[PDB]
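Let me begin by presenting the structure, written as structure tokens, before commenting on it.
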Amino acid sequence: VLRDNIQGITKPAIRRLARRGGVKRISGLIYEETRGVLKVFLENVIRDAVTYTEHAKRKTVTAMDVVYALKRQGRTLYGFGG
Amino acid sequence: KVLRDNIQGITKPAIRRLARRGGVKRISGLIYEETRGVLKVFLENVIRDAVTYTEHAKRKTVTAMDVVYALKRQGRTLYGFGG
Amino acid sequence: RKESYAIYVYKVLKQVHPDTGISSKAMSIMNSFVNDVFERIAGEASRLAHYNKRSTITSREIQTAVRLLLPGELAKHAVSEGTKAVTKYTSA
Amino acid sequence: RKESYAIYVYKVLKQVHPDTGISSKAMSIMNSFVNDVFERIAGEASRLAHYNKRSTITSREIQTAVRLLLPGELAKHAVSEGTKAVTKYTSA
Amino acid sequence: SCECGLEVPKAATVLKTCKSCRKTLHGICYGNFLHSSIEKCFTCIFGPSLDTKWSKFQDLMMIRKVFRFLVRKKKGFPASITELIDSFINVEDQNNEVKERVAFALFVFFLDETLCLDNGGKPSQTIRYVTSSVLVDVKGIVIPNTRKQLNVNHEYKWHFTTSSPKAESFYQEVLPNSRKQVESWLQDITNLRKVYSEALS
Amino acid sequence: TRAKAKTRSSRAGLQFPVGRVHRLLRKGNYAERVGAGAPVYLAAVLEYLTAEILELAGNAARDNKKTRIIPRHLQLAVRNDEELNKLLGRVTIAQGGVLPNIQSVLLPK
Amino acid sequence: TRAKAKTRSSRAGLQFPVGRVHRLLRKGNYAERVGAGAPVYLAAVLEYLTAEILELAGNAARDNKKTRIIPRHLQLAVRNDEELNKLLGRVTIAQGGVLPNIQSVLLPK
Amino acid sequence: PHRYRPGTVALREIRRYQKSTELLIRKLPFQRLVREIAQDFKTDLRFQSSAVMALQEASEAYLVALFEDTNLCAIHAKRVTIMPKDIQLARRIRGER
Amino acid sequence: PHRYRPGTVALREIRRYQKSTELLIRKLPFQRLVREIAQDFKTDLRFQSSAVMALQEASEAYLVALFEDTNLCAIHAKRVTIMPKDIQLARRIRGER
DNA sequence: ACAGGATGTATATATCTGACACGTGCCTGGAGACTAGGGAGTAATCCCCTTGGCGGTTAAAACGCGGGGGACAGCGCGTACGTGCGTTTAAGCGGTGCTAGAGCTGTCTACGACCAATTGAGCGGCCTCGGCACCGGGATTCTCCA
DNA sequence: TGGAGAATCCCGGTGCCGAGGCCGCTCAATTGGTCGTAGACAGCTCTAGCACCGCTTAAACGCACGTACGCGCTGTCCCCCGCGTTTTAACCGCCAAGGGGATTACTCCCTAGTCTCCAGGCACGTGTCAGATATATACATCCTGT
Ligand SMILES: [Zn+2]
Ligand SMILES: [Zn+2]
């Protein structure tokens, strides 16, 4: 059983994402709240992906299952099959 | 007859009533001019699609269902008028 | 000859509140609500069959589409209601 | 046996830039672009026939659906290209 | 209240009104006017000397009634004569006199080429016609030109039209205008009655 | 001979029609064939959601001391509930109004 | 006998297939019947849009002194143009990056 | 005289207009604006009575929801009055601009 | 020593990371997080290699776009640093919260 | 307002290598040639709904003026955040080994489409009464200044 | 901390128009039987997912230092709110003329269905050149003292 893997998203990694966004100076409480936002995003997408898998009677999650889940929420992705 | 300068029909007292329902307590003096510009852009997009549906059916009258279809395409569903 | 759900909505109202009425304007809103939900579920079930290369819409497609649309506990109670009706229909 | 638009996209490229290539990753993105636009236009034309109680999809449905989706001058140039092809096909 | 004096089923016609005397009128009796208000009716135009009990007036009303009913139905002639009679006349008011009047109206229609019999095809190549099969059940129908009766319990193909090149004006115009027109119409009705009497015996 | 006639709704103990729903699915360009149990499942779901809204609307009318439901009462039921609010998140109800809400900073002190 | 065989694309002077598009429309549950001129109209529209993107992408590659098109070049063409940006307003392109942009207030003074 | 202090009447109007469900724009002036705009797309058009009413219902709902987002932006900057730059920020974040 | 003044290096990193197209999160730690979340919905699941890569592409694009809206809110209040209350306002206006 | 040291970035040259452009063989799907029937266009008629004009009464928009309080700029202070250096740690890469589940054929039966005859449930028309809006009067409460 | 005064709430009596219930009938749902194909079930093959181990070095981590950004406090003054007058146009009845939507039979051309057959497109090899990787050099920008 895996546990406490949310800490893998380190402090230096978050700063790199902010730099590409165009942020110059960062507070000290940003890192804790960013982890919470990311966790909520993944739960919604993964829940729909598993639902497609069970309907097809399979035990492996494929790339097309992820693409269909994203499109339903309004975020189309180009590049991975489709 | 050609209509003109009807955007001034939206008076200053009317805009304040809309702001009060929104929950606004104090208003600046330059809000009224910019609000008229925002409303005009909104109507142009909706009316353009409504006329397109009318021409496809070969009619000269705009019906209530034409407006409902136009709103739904943009992502604003309306309940109450047919549909 | 036009069709609507007005007759059937009124029957459900008498089971919940036996002595409450409804106005004509509110009746139109409820009629539009039923048509809107009908198209969401039916449209989603159509794509499920296309992905898996099937030619039939069955109870499985309807059940899966409900879980994708309805949020939280609404989906949990809706599934039990649908399953309960099908087994009773098959027996009789 | 899988189908794609890779053969046809490459022909168009040689008309515009005669001496430019393309990588495999970029080819996949262009393939997904064509399928996406196909479903938007075809899906919209289906609803136009349903509203007017018709059973056929003709050139009028395709033309109207283009003007609803494409913005600004893209729609203006697309209509002329489609009309030009149909009249040439009818003559021959 | 109408000058026809009979009762019409609700589905057959649409009600109208006169502006002056403010009384209900039959739509089919006046030619299906555009608006629901009419300035003057027959009583207003003619005056106190208009006796509605004259046979000519009743025959005129019956002819106009039948023509307007057939025109507004937009389906041609019905299957049987009794079906038409039951459709636009109540059962209680149905007697022998109205049957004779209907037969006279049918004879007049046949005379003016409004209603034509099928020989080998449609009569005209330009004027629109509607073809239907009619089973004859009543007795007393006379074809004008051939001067022969029609057999009972037999079916024939009939043609019907609206804009005949030659038709009488008393069932073609919409509304009355003056008293001279009405008396001319009555004289024409008298002449048609004389012709029918001389052709029947 | 023929043994009477029972509606398919009665065999399932429902109030919403089943025969009508089956016809709409077939003449709607959804799929080539339609199964037998699909109309029964879909009819039950629609009935459940309808009873959910009507119960909350009736409570709002009682608090206002009225015996009829108007569009204002439907607005209050949907927006106060959390699940129904998320479902109808992009829907406008005619003659509905808004919920009373004032920011705390604006209040007098 | 039979007089050779000409593709329907050649009769219209196009590069995209017409026979294939006709089959997809029929086996797609869109309508009961499909007209004859519909596939020709739709094929021409798809070809026009494809040539529009490829022309802009080729210019970007030339500015960077390369002879191949990579996903980075497709991103630059779409975002710089105004019409194409509005069309693909909710689309993510893998390995695309972002446009260079820095707010003026952050610059040193 | 008995003058109310500034801001007292304004709070009283907020409670009044959040309790009703009527329309807040004069009907006749709004109708003329709709017909003027439609002249560009096509000439000699006719409207149904209920068609115009549908447009007015959707328009007012759009503006009321916009003022709620504008109000939040003003408080974020420690102010009470709303200003034109608050409207522009709300539309930019929302995605319209 | 030759110490750069504060803010000089930060501007240099902005130009560097707006010019490349690589991923900015370590691949191995991200994979373990995905498998842990999926345990709740169903047990004993297997993933394709390209399935995990699709999730990482969409996740980073979501976060980068969020920081742009957060930056605009901070400037509206006459500040330079970003704070937690700026993230909350952006999500509220956008419609997620 | 400069000078010069110090650090970071762009340019020209020389070797490798694996991904892309091109050729060959094979077969499945699109084109050619017919026929049959029904889907949509057209003309004549019916009839209701949108548009324009006229007059009167009163609700609402427009204007003016006095104050009050909120927006805005300037200044000072304490500390949280950026930059640089040394030590520790898992990420990344190249192997080896094994088995679970994806993907493809072949056989056959239960299930959904389709047709003819029968009948009862839902739609349109009509009456009828009571739920709610309006008006007038008294009672209660919230704001403001001494 | 106390009175005035204005705004809001509560009760009873009238009347009218909209919601609820009944009936005729017609069209859509139900019952019974036939035929053909979609999908369920069983078996097999080989792909790709999982597990483990050793090694090198790049990225993560902890700590010292100080300067720049955030936050609180004070003073100006300008712009918006509240209330009384005067004026303009929305709102409500009634009437009239005409435009355009809806209905129905007639007529004809266009699309679906079927059989034969052969080129256009896909899967599989092969080599070579565009891009990747080091190295030496030239130029631009920052920061402290003058
Ligand atoms: Zn009469
Ligand atoms: Zn009269």
Side-chain angles (χ1 to χ4, degrees), chain A residues 10-12 25-28 58-60, chain B residues 11-14 26-29 59-61, chain C residues 2-3 7 21-24 54-56, chain D residues 1-3 7 21-24 54-56, chain E residues 14 32-36 71-76 128 130-131 162-163, chain F residues 2-8 17 19-20 23 33-36 66-68, chain G residues 2-8 19-20 22-23 33-36 66-68, chain H residues 1-10 12 26-29 46-49 79-81, chain I residues 1-10 12 26-29 46-49 79-81:
Chain A
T10 58
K11 167 183 174 180
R25 181 159 160 158
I26 309 179
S27 172
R58 284 188 283 98
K59 307 181 181 181
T60 304
Chain B
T11 58
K12 167 183 174 180
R26 181 159 160 158
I27 309 179
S28 172
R59 284 188 283 98
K60 307 181 181 181
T61 304
Chain C
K2 300 172 300 184
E3 296 178 339
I7 271 69
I22 189 173
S23 65
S24 68
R54 298 302 178 86
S55 306
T56 314
Chain D
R1 305 293 279 261
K2 300 172 300 184
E3 296 178 339
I7 271 69
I22 189 173
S23 65
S24 68
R54 298 302 178 86
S55 306
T56 314
Chain E
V14 54
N32 309 330
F33 191 72
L34 304 179
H35 304 104
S36 58
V71 167
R72 73 153 286 184
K73 211 181 186 186
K74 296 177 186 175
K75 281 188 177 178
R128 189 176 189 269
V130 175
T131 304
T162 63
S163 60
Chain F
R2 299 176 56 173
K4 301 179 183 178
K6 305 177 184 178
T7 60
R8 281 191 281 179
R20 178 180 292 184
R23 170 175 60 87
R33 328 179 84 194
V34 173
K66 296 187 177 307
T67 73
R68 283 180 191 164
Chain G
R2 299 176 56 173
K4 301 179 183 178
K6 305 177 184 178
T7 60
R8 281 191 281 179
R20 178 180 292 184
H22 195 185
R23 170 175 60 87
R33 328 179 84 194
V34 173
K66 296 187 177 307
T67 73
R68 283 180 191 164
Chain H
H2 182 67
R3 299 184 57 90
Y4 285 108
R5 305 187 57 182
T8 299
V9 182
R12 197 156 63 197
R26 308 266 65 91
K27 295 185 179 181
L28 203 57
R46 306 163 78 92
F47 287 83
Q48 286 190 355
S49 61
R79 283 189 286 99
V80 178
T81 91
Chain I
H2 182 67
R3 299 184 57 90
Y4 285 108
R5 305 187 57 182
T8 299
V9 182
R12 197 156 63 197
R26 308 266 65 91
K27 295 185 179 181
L28 203 57
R46 306 163 78 92
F47 287 83
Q48 286 190 355
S49 61
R79 283 189 286 99
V80 178
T81 91

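Every chain is numbered from 1, with letters handed out A, B, ... down the list of sequences. Side chains are part of it too, since the values below use all heavy atoms of this structure and drop only hydrogens, waters and symmetry mates.
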*asked:* Taking the minimum atom-to-atom distance to the side chain of G:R23, which one of K:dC83, J:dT83, J:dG30 wins?
replied: J:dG30
*By nearest nucleotide on DNA chain J, pick out whichever of F:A36 and I:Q48 is the more 5' one.*
I:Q48
*asked:* Of the options K:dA132, J:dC47, J:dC123, whose atoms approach the side-chain atoms of G:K66 most closely?
replied: K:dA132
*With positive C1'-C2'-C3'-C4' meaning north and negative meaning south, how does J:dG95 come out?*
north
*Spacing of the P atoms in J:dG94 and K:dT133 (rounded, Å)*: 14 Å
*Contact class for H:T81 vs. all strands (heavy atom < 4.0 Å): base, sugar-phosphate, or nothing?*
sugar-phosphate
_Closest to the G:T67 side chain, choosing from J:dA102, K:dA29, K:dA130_ = K:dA130
_Using a heavy-atom cut-off of 4.0 Å across all strands, would you classify C:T56 as base, sugar-phosphate, or nothing?_
sugar-phosphate
*Remember a base hit wins even if backbone is also touched, and classify H:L28 as base, sugar-phosphate or nothing at under 4.0 Å, heavy atoms.*
sugar-phosphate
*P spacing across the pair K:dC108 / K:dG36, given as an integer number of angstrom*: 39 Å
*Atom-pair distance (CZ on D:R1; P on J:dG103), nearest Å*: 19 Å
*How would you label the contact of H:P1 with the nucleic acid (heavy atoms, under 4.0 Å): base, sugar-phosphate, or nothing?*
nothing
*Starting at the 5' end of DNA chain K and moving along, which residue's nearest nucleotide shows up first, F:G19 or I:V80?*
F:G19
_Phosphate OP1/OP2 of K:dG101 contacted by B:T61 side-chain N/O (<4.0 Å)_ = yes
*Between H:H2 and F:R8, who's closer to the 5' end of DNA chain K by nearest nucleotide?*
F:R8
*Would you indicate what E:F33 reaches in the nucleic acid, counting non-hydrogen atoms under 4.0 angstrom: base, sugar-phosphate, or nothing?*
nothing
*Can you find a side chain N or O atom of E:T131 that sits less than 4.0 Å from OP1 or OP2 on K:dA105?*
no
*Could you tell me the separation between the NZ atom of E:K73 and the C1' atom of K:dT104, rounded to a whole number of Å?*
13 Å
_Who pairs with K:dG21 - Watson-Crick or G-U, where each distance is under 3.5 Å_ = J:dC126
*Ignoring hydrogens and geometry, is there a side-chain-to-backbone donor-acceptor pair from H:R79 to H:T81 under 3.5 Å?*
yes
*Between J:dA113, J:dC123, J:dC46, which one does the side chain of F:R33 approach most closely?*
J:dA113
_North (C3'-endo side) or south (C2'-endo side) for K:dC52 via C1'-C2'-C3'-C4'_ = south
_Pair partner, K:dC46 [Watson-Crick or wobble, under 3.5 Å]_ = none
*Report yes or no: is there a donor-acceptor pair, N or O only, under 3.5 Å between the side chain of E:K74 and the base of J:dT45?*
yes
*When we call it a touch if two heavy atoms are under 4.0 Å apart, what does E:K75 touch: a base, just sugar-phosphate, or nothing?*
sugar-phosphate
*Rounded to whole angstrom units, what separation is found between the NZ atom of F:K6 and the P atom of K:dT31?*
9 Å
*asked:* Can you tell me which nucleotide in K:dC69, J:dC144, K:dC143 comes closest to the side chain of I:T8?
replied: K:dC143
*asked:* Students often get this wrong, so: under 4.0 angstrom with heavy atoms, is D:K2 touching a base, only sugar-phosphate, or nothing?
replied: sugar-phosphate
*Find which nucleotide of DNA chain J each of E:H35 and A:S27 is nearest to by heavy atoms, and output the residue with the more 5' nucleotide.*
E:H35
*Shortest non-hydrogen contact from H:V9 toward H:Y4*: CG2-CB, 4.2 Å
*Identify the heavy atoms of E:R72 and E:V14 that sit nearest to each other, and give their distance.*
NH1-N, 4.1 Å
*From K:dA60, J:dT51, K:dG70, pick the nucleotide closest to the side chain of I:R26?*
K:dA60
*Quick one: label F:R2 by what it contacts on the DNA or RNA (base, sugar-phosphate, nothing), any heavy atom closer than 4.0 Å.*
base
*Reckon E:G76 touches a base, only the sugar-phosphate, or nothing at all at heavy-atom distances under 4.0 Å?*
nothing
_Around atom CZ of H:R12, are there more than 12 heavy atoms from other residues, nucleotides or ligands closer than 6.0 Å?_
yes
*asked:* Distance check needed: K:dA140 P versus I:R12 CZ, whole Å only.
replied: 18 Å
*Which nucleotide in the list J:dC47, K:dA68, K:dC81 gets nearest to the side chain of H:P6?*
K:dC81
*Using the P atom on both, measure K:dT141 against J:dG86 and round to a whole Å.*
32 Å
*In whole angstrom, what separates C:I22's CD1 from K:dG21's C1'?*
17 Å
*State which of K:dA29, J:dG41, J:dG70 makes the closest approach to the side chain of B:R26.*
J:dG70
*For F:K4, answer base if it contacts any base atom (sugar-phosphate contacts may also be present), sugar-phosphate if it contacts only those atoms, and nothing otherwise; contact means non-hydrogen atoms under 4.0 Å.*
sugar-phosphate
*Of all the choices, J:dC123, K:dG70, K:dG49, which nucleotide is nearest to the side chain of I:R79 once you look at every atom?*
K:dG70
*Please state how far atom NE2 in G:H22 lies from atom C1' in K:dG113, giving the value in whole angstrom units.*
13 Å
*What is the distance, rounded to the nearest whole Å, between atom CD1 of A:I26 and atom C1' of J:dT83?*
15 Å
*Between K:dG49 (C1') and A:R58 (CZ): distance, integer Å*: 15 Å
*asked:* What's the closest nucleotide to the side chain of B:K60 if the choices are K:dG101, K:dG39, K:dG82?
replied: K:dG101
